[PDB]
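A.B. asks: quick check, what structure comes out for this input:
(chains A and B)
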Amino acid sequence: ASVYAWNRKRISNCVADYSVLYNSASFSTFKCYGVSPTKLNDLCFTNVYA
Amino acid sequence: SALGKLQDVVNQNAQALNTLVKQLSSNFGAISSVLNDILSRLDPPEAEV
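C.D. replies: Numbers count the residues shown, from 1 in each chain, chains lettered A, B, ... in the order given. Structure as follows:
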């Protein structure tokens, strides 16, 4: 969608892996705020968005 | 309420200890007040601050 009408996607009740995205070598920028690009496959979250 | 100064000293010591304990739940400008959570969420180079 556009920038002013971005689509929010709720993610819950699932197991999410993030190491396959950081090591994909396709994403230009992968800046993490509050968390680290690693040590995230060992944590569990309550409600994330996309 | 006969023994006043003794109870006052005991209450002052208890309040000092309670304040020293409760000063661990503060962030002081950090992300959180839990050192283990900080170490588990951020890598050392970013969690040093």
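
A.B. asks: the chain: helices as residue ranges?
C.D. replies: Picking chain A for this. Using DSSP state H, the helices of chain A run over A:19-22.

A.B. asks: oops, I was thinking of chain B
C.D. replies: B:4-22, B:35-41, B:44-47.

A.B. asks: looking at the ones you listed, which is nearest to chain A?
C.D. replies: helix B:35-41 (5.2 Å; Cβ to the nearest Cβ). Heads up, the C-betas are built off the backbone N, CA and C, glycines and all.

A.B. asks: who are the packing partners of that closest one?
C.D. replies: Helices and strands touching helix B:35-41, by 3 or more Cβ pairs under 8 Å, 6 or more residues apart in numbering or on different chains; DSSP states H and E, are helix B:44-47.

A.B. asks: around chain B, which positions in chain A sit nearby?
C.D. replies: Taking Cβ under 8 Å from any Cβ of the partner chain as the measure of proximity, chain A contacts chain B at A:34, A:35, A:36, A:38, A:39, A:42, A:43.

A.B. asks: could you report the neighbour count for the residue of chain A found nearest chain B?
C.D. replies: Using Cβ to the nearest Cβ, the single residue of chain A nearest to chain B is residue A:36, 4.4 Å away. By the measure other Cβ atoms under 10 Å in any protein chain shown, the count of residues near residue A:36 is 15.

A.B. asks: excluding its backbone neighbours, what's nearest it?
C.D. replies: residue B:43 (4.4 Å; Cβ to Cβ, 6 or more residues apart in numbering or on different chains).

A.B. asks: got a list of what that neighbour touches?
C.D. replies: Residue B:43 makes contact with A:36, A:38, A:39 under the criterion Cβ atoms under 8 Å, 6 or more residues apart in numbering or on different chains.
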